[PDB]
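Read through the structure below, which is laid out as structure tokens, and then see the notes.
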Amino acid sequence: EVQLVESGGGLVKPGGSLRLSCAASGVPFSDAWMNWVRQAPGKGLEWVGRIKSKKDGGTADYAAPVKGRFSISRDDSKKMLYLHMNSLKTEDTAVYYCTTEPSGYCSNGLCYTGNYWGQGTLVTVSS
Amino acid sequence: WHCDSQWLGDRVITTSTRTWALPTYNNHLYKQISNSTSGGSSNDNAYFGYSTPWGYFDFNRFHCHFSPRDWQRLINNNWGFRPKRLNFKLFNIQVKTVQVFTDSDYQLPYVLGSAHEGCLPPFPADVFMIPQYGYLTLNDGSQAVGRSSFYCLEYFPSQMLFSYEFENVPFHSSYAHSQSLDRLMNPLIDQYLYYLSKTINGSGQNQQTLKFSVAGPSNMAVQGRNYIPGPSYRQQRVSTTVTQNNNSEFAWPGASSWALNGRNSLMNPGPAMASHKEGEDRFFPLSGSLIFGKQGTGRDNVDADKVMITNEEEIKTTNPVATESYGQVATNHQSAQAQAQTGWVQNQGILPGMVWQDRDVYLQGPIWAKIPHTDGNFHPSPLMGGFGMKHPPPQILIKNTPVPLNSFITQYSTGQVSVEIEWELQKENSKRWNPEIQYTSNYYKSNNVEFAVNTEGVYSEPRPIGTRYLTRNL
Amino acid sequence: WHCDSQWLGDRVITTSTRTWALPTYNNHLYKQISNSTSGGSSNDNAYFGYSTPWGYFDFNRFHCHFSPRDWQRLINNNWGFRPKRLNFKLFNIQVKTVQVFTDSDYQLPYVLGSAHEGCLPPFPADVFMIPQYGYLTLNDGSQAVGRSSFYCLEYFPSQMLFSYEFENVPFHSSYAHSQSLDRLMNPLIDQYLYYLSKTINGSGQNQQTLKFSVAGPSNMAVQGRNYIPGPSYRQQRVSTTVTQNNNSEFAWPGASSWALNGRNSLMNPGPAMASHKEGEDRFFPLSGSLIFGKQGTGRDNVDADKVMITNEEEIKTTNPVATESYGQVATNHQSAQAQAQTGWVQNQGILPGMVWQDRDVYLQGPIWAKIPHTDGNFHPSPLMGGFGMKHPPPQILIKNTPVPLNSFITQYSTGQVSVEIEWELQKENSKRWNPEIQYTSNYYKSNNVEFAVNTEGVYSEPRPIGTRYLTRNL
Amino acid sequence: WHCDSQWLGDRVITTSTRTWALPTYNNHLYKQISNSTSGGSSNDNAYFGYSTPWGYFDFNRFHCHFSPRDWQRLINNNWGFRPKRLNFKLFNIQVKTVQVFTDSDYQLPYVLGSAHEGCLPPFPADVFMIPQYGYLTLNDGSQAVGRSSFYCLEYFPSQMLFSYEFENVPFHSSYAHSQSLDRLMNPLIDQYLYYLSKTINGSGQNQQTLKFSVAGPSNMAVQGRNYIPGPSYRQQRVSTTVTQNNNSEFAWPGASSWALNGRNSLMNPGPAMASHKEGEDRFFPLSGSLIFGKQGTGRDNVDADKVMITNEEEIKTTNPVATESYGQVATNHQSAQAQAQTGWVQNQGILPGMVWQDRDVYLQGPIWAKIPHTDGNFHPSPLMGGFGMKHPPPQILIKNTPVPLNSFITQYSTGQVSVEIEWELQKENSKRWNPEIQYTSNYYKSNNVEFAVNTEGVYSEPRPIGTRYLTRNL
Amino acid sequence: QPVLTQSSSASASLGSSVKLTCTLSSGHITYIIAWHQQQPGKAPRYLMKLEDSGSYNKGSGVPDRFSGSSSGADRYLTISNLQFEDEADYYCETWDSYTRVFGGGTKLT
């Protein structure tokens, strides 16, 4: 059973920086691609970025709005996914979900065809 | 000069006589070769070996011994075939002495099972050059190790100027099942075995239940079966229509490989598996199919119409598809807290009760291979097709005897080579009512006749011809 | 009439005579059938084939040849058995001519290995109906392909109104090991081999140390072993207490399957694996058992107590549990910067040095299956149990001759059938001191007698009887 | 007294005589033993069994039958060996009667295949103590089950005070290949097969193409090959430089293991795989390599300089590295949407066309094992090395007859044992020009000669000696 | 970059089937898509993903009344039996190697 919890959400002034973290469970974190998506209150889902697995290279992809402001990091040893936020905007305030990559994740010659959303974390950017 | 084929009962005797030319290689020297002498940087491609002045005769491909009309006559009328005897001759020597010896103890390395060029040409009027002999031994990078070997071929006694008995091997199976592994059942009758049809009554809380049902014609996927399809090692799927393919380079990065002593090697062709699902002919495994070139095709970066890609779709009855997963397995214990979880098997080894078909042989493809000499092996039949043998037809080495000290006279030889193989046949016993599929030429008119010369006199083979046409029951 | 069992030394002869009734099928027509004729749209359930007016005789289940007391006599006193010869007779034809022939070249599809209903009844007084013959061939969806075969059984010579010798097969093993694969050791003595006991001295930085201990009686998990258990392909674990099952429909979604040519077939019953861990009797593998219905059990969605679920737990000595992972492997290289990571091996194929037990045969279950005709197979012993054979007992086809053109006389036939099989036995040599487990009846009073008639004269078999009671060493 | 080795042609005859002492075990009692009696709380370590007053003779290790020179003479000059006959003698009985019987029907549990201590000493002047016979049986926890067996060895007829024919086994291959599995090719010639060199023309959009190239000497990784390396089950990699290992306990947590009936046994030594890559000998698999121990070492938590870790590197030509993945399999279908992906394969079972070498045998290591009696096995050769046998050298059980009822006289016996084995040999036919690698002593001076007593009279064997020196072609 | 279009909101009465359209951009036609439901107060739930062929892989924890099918460049989701328990935003997503795109949501009532 795969479980994904997020943390690091709270109040930050419009100028400033914050880190979010996602600690994966029940999934082979080393072999899987991860994703961040955010949902503005009363609005639909919006994708943020992904982090590819070590085998495929540690490169990360970013959505056009958040490009260059945010970074995604991963700690394979600690099985945690990170989102570093810098230069915030009022519009940024959303519930940030930690989701595994939709295609799937294949570990040790076995593939898994289904997707697991995180619990979600509310981030209110205000002063 | 003997070239012909004698069709007698259950046997075939195919004689072939060719003219050859033997140059002087390496200026009569045994020269060390490695990737350094070539300049190769990469680690996977590192090698160490020696190049020898000797040549060798390679008759190891089918189109050496079979004409297209003999090959059609074989594959349409017969279920199985295999070699019995071998008779080799070398005559009409013309030197412009010549040493020759067979290696009947297999004391040299065996380079014939590697599918190299240099065969006796398919068309008898051709003259062929004799390829150079060389062998690789152990290496670390481009360096050797103490365990590496050096073989002087002058240290073998040779005749200055034979018959062979093939060891017992199974018939190559020329046929394609008229049943599938999963449909072997009687369509009219129910089984007496039950399967679990329903785990819940309906939408709601605490609805768990167990309901069992008879497996029968109505639902055939759940019936119990006595056998399962062959093993799988998945291949990537490439498309001949290039607009499905990804706009990225995945030729080496995306290919299935195996690693030995730190060096990766592409898995080619690999375990025998169907090439594509029924209805999809545009896909082929990345390294899972034998690819032959058309006549006159260049060496480097040819397009997809210059090569002939063979496909195994005949064996899709008993074998998994190369580009698909073998199946699903359960990855967890369910409970009220935990839902059922399954994973898709990418590679599956041998399990008891599997069945499979080996890879097909082609007019252009290899006949035999040598089984490596080892403590163990499983299903030694070679992966490129043909007949695996612990004692295959021996290597035949030949060179010009040097006439003079580095100063020698430029000298070459030529002659005739007649090779004769006795092939055993297995007749088609089928009671099938309706007519078989056959191999046919097409009556529709064309500029040239297939399997014949053009206006410049160049013999060419239009398409790869497989061996499996007639059908059997599974 | 011949029914009895001659028990002679190491041999058994089981004779069974029954009465049959043969109707007229398809009004003397061959008919093309497929899923489109029935109407099931699913792609996994797609089929194509033909139905024939012919019927056939199926004695392939054990309870045809064995009374319950002859079975109890077989399994309690004997370690192994296997069929040797067969004698078949068909007499007392009563038509209210009759064609019959046997297929001794195996030129027809073979439907007798799929565990279909239609056997000679277990109870000698039951008049039974012969099943209809039909077969499936290749298909694409519901359509045929150019490679599909059609067989007219009129085109086989028949006799209008024999003995068969079983090919050599291994003794079926009726016994359960008194040892387990990992406990084969001497409990009193140490090994001379060392294992790695400690990778660190204590809690703190830079504590890396390397310490080796002796494997022995105290710690048995780490000892070296010459053999490892057989292969596994994991099944989902289902509970017979329904409130421990998940509240969702996972019959098909959470099941282990294999895919062939794009059709997913349930993996049933699958490789031989222990049904459940020691002490847990309520869990069975989802698709990984044989499930027999009780007398009168309905066809569709019957409850859990209408059926009989067999358990393989006798083989938990050499075989992995069906619902468990085979083991663990390492997924990385440790270093100062990375901890040791491992993962579960859900499905494992054959490795050298494995040992395993095949699946048990039951009084209800099948006797033999036909090994497919293929280039290769591994451990051909069939997955539902019994004896695998490349030339099994042939199919015996029978029909009524049409007497008149679509206008015919309504007509049927009846008569007697006596099959006689010689069985070879393997005696129990054990030096075990304490008494064996035997298969016995319960003495406590019941309204009915088990394996006997009720007040309506309807014979019933209360439970499946396995073959494994006596013990051997591993 | 007979000790000497007869070297005659193609065979050897080795003879060993030792003096022994036989005590009185369990005060002439049979006693039930389990982990409850032992005190272990773990399930993986749980067991149930019996200890007996009997002893037994174990000659199952090589150094019993071979001096260090006879081993040097064997392994340098021979390509293979295997036992033929055995002649066990027991004489010069001295008591302070004696029962002896051999178990030739294999009706007792067989404990000689578990690599226990208690062998005849390597140095002929030592006097050894006969180990106590005990066995294990089925258990639920520490409790027994109704299927457990009890064996009274008194119920076997014994002689109050023989010769054996080894069943046919393959020659153990005492050689190392001078070629590697991937390098079998002719380095000088192109193949006629093509591979997919490129999938895109250049950087940009919509660049897809299929470009094919010839597999040849320049790129050897992509060539077609008939055979693939043997199976793999990955082990964790430990370094003998302790700072390179991770700072945490991972000996048991990170180890490769298999599970049987819910009990986890370490995978030791496991499949035959090369210990380490070329150039890295500081790494060794966690449970992969047979670890011996130096003389006078100690039982628990010894350092690394107190053990002898054997390496299998000679088989790195045909076998995958134990600490590396087998290879990569394509894990999806590429398309315009998704990039091609591949995944590491940790464990790979048998595929058709695999070849492998078995594990080497050492002067100190075991000779034979007993193949379990089961319905199936694959490549029964044992995993600790040596010769697998269904009916191996019988167990020879010995005890002192009691002289008195629990009151007895304290008493022991002693005497002589001689065992003589005939070994068939396979001579080296190699045509290699340059000299072989040999097993040789080092000239450089030292305080003590190797494989010899010291000033206190303690014999010791300094290093493990493998059997693989001479080379063959692959 | 693909563009996912879908209806703004659609409702159905209990016990009946509702169908929901998700339209792929042109030239992205062949892409595989996945469906998610989000309860009004909860994190989204993966439903299934459907190919251009009409083949679909349903989730592990999902009822059998969900199914999907596709015409050219046009994707569907069919809720055959409507239970008051599922009415929620149904999002349609599609992914590419470079980026992942979501639909605007469809509120079911």
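Chain labels run A, B, ... following the order of the structure tokens; each chain numbers its residues from 1, and ligands are numbered from 1 in the order shown.
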Quiz item: residue 89 of chain A: which residues within 12 Å, counting only C-alpha atoms, same-chain residues fewer than 3 positions away excluded, as JSON, numbers by chain?
Solution: {"A": [12, 13, 14, 15, 16, 17, 18, 65, 66, 69, 70, 85, 86, 92, 93, 94, 123, 124, 125, 126, 127]}
Quiz prompt | Surrounding residues of residue 50 of chain A excluding itself and chain neighbours under 2 positions, 6 Å, only C-alpha atoms, as a PyMOL selection string | solution = chain A and resi 34-35+60-61
Saved selection, atoms kept: N, CA and C atoms, as a tab-separated table (two decimals), in the first residue's frame:
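So the final result, stored in out25.tsv, reads:
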```tsv
chain	number	residue	atom	x	y	z
A	34	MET	N	8.63	11.29	-9.80
A	34	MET	CA	7.66	11.92	-8.91
A	34	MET	C	7.10	13.20	-9.51
A	35	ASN	N	5.99	13.69	-8.97
A	35	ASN	CA	5.36	14.88	-9.50
A	35	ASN	C	4.80	15.75	-8.38
A	60	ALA	N	14.84	17.45	-13.92
A	60	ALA	CA	13.49	17.80	-13.52
A	60	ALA	C	12.85	18.67	-14.58
A	61	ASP	N	11.53	18.58	-14.69
A	61	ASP	CA	10.76	19.36	-15.64
A	61	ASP	C	9.83	20.27	-14.85
```
Quiz item: What's the 8 Å shell around residue 29 of chain E, counting only C-alpha atoms, without same-chain residues fewer than 2 positions away, as a list in words?
Solution: residues 24, 25, 26, 27, 31, 52, 72, 73 and 74 of chain E
Practice problem: Please run DSSP on the backbone and report, as number ranges by chain, all residues within segment 50-124 of chain A that come out as helix (DSSP H, G or I). | Solution: A: 64-66, 90-92
Self-check item: Neighbour list for residue 27 of chain B as a PyMOL selection string, cut-off 9 Å, only C-alpha atoms, skip fewer than 4 positions in-chain
Solution: chain B and resi 53+402+406+408
Exercise. Output the contact residues of chain A with respect to chain D at a cut-off of 8 Å, based on only C-alpha atoms, as a list in words.
Key: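 Residues satisfying the distance criterion: residues 106, 107, 108, 109 and 111 of chain A.
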Taking N, CA and C atoms for each residue, export the selection above as a PDB file, in the first residue's frame.
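Output file out-v6.pdb is given in full below:
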```pdb
ATOM      1  N   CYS A 106       8.481   1.101 -12.704  1.00  0.00           N
ATOM      2  CA  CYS A 106       8.896  -0.289 -12.814  1.00  0.00           C
ATOM      3  C   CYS A 106      10.123  -0.593 -11.975  1.00  0.00           C
ATOM      4  N   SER A 107       9.973  -1.516 -11.035  1.00  0.00           N
ATOM      5  CA  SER A 107      11.070  -1.905 -10.169  1.00  0.00           C
ATOM      6  C   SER A 107      11.376  -3.387 -10.285  1.00  0.00           C
ATOM      7  N   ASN A 108      12.646  -3.714 -10.496  1.00  0.00           N
ATOM      8  CA  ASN A 108      13.109  -5.097 -10.608  1.00  0.00           C
ATOM      9  C   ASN A 108      12.385  -5.935 -11.657  1.00  0.00           C
ATOM     10  N   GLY A 109      12.138  -5.360 -12.825  1.00  0.00           N
ATOM     11  CA  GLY A 109      11.479  -6.091 -13.890  1.00  0.00           C
ATOM     12  C   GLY A 109       9.984  -6.300 -13.738  1.00  0.00           C
ATOM     13  N   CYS A 111       6.265  -4.042 -13.472  1.00  0.00           N
ATOM     14  CA  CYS A 111       5.700  -2.703 -13.650  1.00  0.00           C
ATOM     15  C   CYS A 111       4.380  -2.498 -12.930  1.00  0.00           C
TER      16      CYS A 111
END
```
Self-check item: Polymer residues at most 9 Å from residue 369 of chain D, only C-alpha atoms, same-chain spacing of 2 or more positions, as a ChimeraX atom specification
Solution: /C:226 /D:60,112-114,366-367,371,381-382,384-390,392
Self-check item: Test item: residues at most 10 Å from segment 101-108 of chain E, only C-alpha atoms, excluding those fewer than 2 positions along its chain, as a ChimeraX atom specification
Solution: /A:37,43-48,63 /E:1-12,18,20-24,33-40,86-96,99
Could those selected residues go to a file with N, CA and C atoms, as a CSV table (one decimal), in the first residue's frame?
```
chain,number,residue,atom,x,y,z
A,37,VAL,N,1.7,18.7,-8.1
A,37,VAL,CA,0.6,19.4,-8.7
A,37,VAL,C,0.0,20.3,-7.6
A,43,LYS,N,-10.5,26.1,-7.7
A,43,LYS,CA,-10.0,26.0,-9.1
A,43,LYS,C,-9.5,24.5,-9.3
A,44,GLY,N,-9.3,24.2,-10.6
A,44,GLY,CA,-8.9,22.8,-10.9
A,44,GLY,C,-7.4,22.6,-10.7
A,45,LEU,N,-7.1,21.3,-10.9
A,45,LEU,CA,-5.7,20.9,-10.8
A,45,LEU,C,-4.8,21.6,-11.8
A,46,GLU,N,-3.6,21.9,-11.3
A,46,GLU,CA,-2.6,22.5,-12.2
A,46,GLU,C,-1.2,21.8,-11.9
A,47,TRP,N,-0.5,21.4,-12.9
A,47,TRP,CA,0.7,20.7,-12.8
A,47,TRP,C,1.9,21.7,-12.5
A,48,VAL,N,2.8,21.3,-11.7
A,48,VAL,CA,4.0,22.1,-11.3
A,48,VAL,C,5.3,21.5,-11.9
A,63,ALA,N,6.6,23.4,-14.9
A,63,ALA,CA,5.5,24.0,-15.6
A,63,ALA,C,5.9,25.5,-15.9
E,1,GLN,N,2.9,21.1,-27.0
E,1,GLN,CA,2.2,20.9,-25.8
E,1,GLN,C,0.7,20.6,-26.1
E,2,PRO,N,0.2,19.5,-25.5
E,2,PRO,CA,-1.2,19.1,-25.7
E,2,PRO,C,-2.2,20.1,-25.0
E,3,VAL,N,-3.4,20.1,-25.5
E,3,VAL,CA,-4.5,20.9,-25.0
E,3,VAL,C,-5.7,20.1,-24.7
E,4,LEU,N,-6.1,19.9,-23.5
E,4,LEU,CA,-7.2,19.1,-23.1
E,4,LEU,C,-8.4,20.0,-22.9
E,5,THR,N,-9.5,19.7,-23.6
E,5,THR,CA,-10.7,20.5,-23.5
E,5,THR,C,-11.8,19.5,-23.1
E,6,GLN,N,-12.7,19.9,-22.2
E,6,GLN,CA,-13.8,19.1,-21.8
E,6,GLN,C,-14.9,20.0,-21.3
E,7,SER,N,-16.1,19.4,-21.2
E,7,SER,CA,-17.3,20.1,-20.8
E,7,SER,C,-17.2,20.7,-19.4
E,8,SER,N,-17.9,21.8,-19.2
E,8,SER,CA,-17.8,22.6,-18.0
E,8,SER,C,-18.5,21.8,-16.8
E,9,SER,N,-19.7,21.5,-17.0
E,9,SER,CA,-20.5,20.8,-16.0
E,9,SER,C,-21.6,20.0,-16.6
E,10,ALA,N,-21.9,18.8,-16.0
E,10,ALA,CA,-23.0,18.0,-16.5
E,10,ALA,C,-23.5,17.1,-15.4
E,11,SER,N,-24.8,16.8,-15.4
E,11,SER,CA,-25.4,16.1,-14.3
E,11,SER,C,-26.3,15.0,-14.8
E,12,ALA,N,-26.7,14.1,-13.9
E,12,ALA,CA,-27.5,12.9,-14.3
E,12,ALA,C,-28.3,12.5,-13.1
E,18,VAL,N,-24.1,8.4,-17.1
E,18,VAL,CA,-23.7,9.7,-17.6
E,18,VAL,C,-22.4,9.5,-18.3
E,20,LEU,N,-19.0,11.5,-20.1
E,20,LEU,CA,-18.2,12.8,-20.0
E,20,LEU,C,-17.2,12.8,-21.1
E,21,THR,N,-17.1,13.9,-21.9
E,21,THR,CA,-16.2,14.0,-23.0
E,21,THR,C,-15.0,14.8,-22.6
E,22,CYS,N,-13.8,14.3,-23.1
E,22,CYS,CA,-12.5,15.0,-23.0
E,22,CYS,C,-11.9,15.0,-24.3
E,23,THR,N,-11.7,16.2,-24.9
E,23,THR,CA,-11.2,16.3,-26.3
E,23,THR,C,-9.7,16.6,-26.3
E,24,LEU,N,-9.0,15.8,-27.0
E,24,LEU,CA,-7.6,16.0,-27.2
E,24,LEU,C,-7.4,17.0,-28.3
E,33,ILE,N,-4.7,9.0,-21.9
E,33,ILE,CA,-5.1,10.0,-20.9
E,33,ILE,C,-5.6,9.2,-19.7
E,34,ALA,N,-5.7,9.9,-18.6
E,34,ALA,CA,-6.1,9.3,-17.3
E,34,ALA,C,-7.2,10.2,-16.7
E,35,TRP,N,-8.1,9.5,-16.0
E,35,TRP,CA,-9.2,10.2,-15.3
E,35,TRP,C,-9.1,10.2,-13.8
E,36,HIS,N,-9.4,11.4,-13.2
E,36,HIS,CA,-9.3,11.5,-11.8
E,36,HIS,C,-10.6,12.1,-11.3
E,37,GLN,N,-11.1,11.6,-10.2
E,37,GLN,CA,-12.2,12.3,-9.5
E,37,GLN,C,-11.7,12.9,-8.2
E,38,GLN,N,-12.3,14.1,-7.9
E,38,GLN,CA,-11.9,14.8,-6.6
E,38,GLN,C,-13.2,15.1,-5.9
E,39,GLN,N,-13.5,14.4,-4.8
E,39,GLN,CA,-14.6,14.8,-3.9
E,39,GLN,C,-14.5,16.2,-3.5
E,40,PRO,N,-15.6,16.9,-3.2
E,40,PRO,CA,-15.5,18.3,-2.9
E,40,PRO,C,-14.5,18.7,-1.8
E,86,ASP,N,-20.8,9.2,-5.6
E,86,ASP,CA,-19.8,9.8,-6.5
E,86,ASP,C,-20.5,10.9,-7.3
E,87,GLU,N,-20.3,12.1,-6.9
E,87,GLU,CA,-20.5,13.3,-7.7
E,87,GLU,C,-19.3,14.2,-7.3
E,88,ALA,N,-18.6,14.7,-8.3
E,88,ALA,CA,-17.3,15.4,-8.0
E,88,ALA,C,-16.7,15.8,-9.3
E,89,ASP,N,-15.7,16.7,-9.2
E,89,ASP,CA,-14.9,17.1,-10.3
E,89,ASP,C,-14.2,15.9,-10.9
E,90,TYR,N,-14.4,15.8,-12.2
E,90,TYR,CA,-13.8,14.7,-13.0
E,90,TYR,C,-12.7,15.4,-13.9
E,91,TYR,N,-11.5,15.2,-13.5
E,91,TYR,CA,-10.4,15.9,-14.3
E,91,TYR,C,-9.8,14.9,-15.3
E,92,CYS,N,-9.5,15.4,-16.5
E,92,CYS,CA,-8.9,14.6,-17.6
E,92,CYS,C,-7.4,15.1,-17.7
E,93,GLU,N,-6.5,14.2,-17.6
E,93,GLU,CA,-5.1,14.6,-17.7
E,93,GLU,C,-4.4,13.8,-18.9
E,94,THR,N,-3.4,14.4,-19.4
E,94,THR,CA,-2.6,13.7,-20.5
E,94,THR,C,-1.2,14.1,-20.2
E,95,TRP,N,-0.2,13.2,-20.5
E,95,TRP,CA,1.2,13.5,-20.3
E,95,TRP,C,2.0,13.3,-21.5
E,96,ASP,N,3.1,14.1,-21.5
E,96,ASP,CA,4.1,14.1,-22.5
E,96,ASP,C,5.5,14.0,-21.8
E,99,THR,N,6.0,17.7,-20.6
E,99,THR,CA,5.1,18.3,-19.6
E,99,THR,C,3.8,17.4,-19.4
```
Practice problem: Could you please select, counting only C-alpha atoms, the residues of chain A within 12 Å of chain E and state them as a PyMOL selection string? | Solution: chain A and resi 1+4-5+33-39+41-52+56+59-64+67+95-104+112-122
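Residue neighbourhood of residue 25 of chain D, excluding near-sequence residues (fewer than 2 positions): residues 23, 27, 28, 29, 52, 53, 54 and 132 of chain D, at 8 Å, using only C-alpha atoms.
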Quiz prompt | Interface, chain B side, toward chain E (8 Å; only C-alpha atoms) as a PyMOL selection string | solution = chain B and resi 203+339-341
Exercise. Using backbone DSSP assignments, extract all strand (DSSP E or B) residues from segment 109-167 of chain D; output them as JSON, numbers by chain.
Key: {"D": [116, 119, 127, 128, 129, 132, 133, 134, 135, 136, 140, 143, 159, 160, 163, 164, 165]}
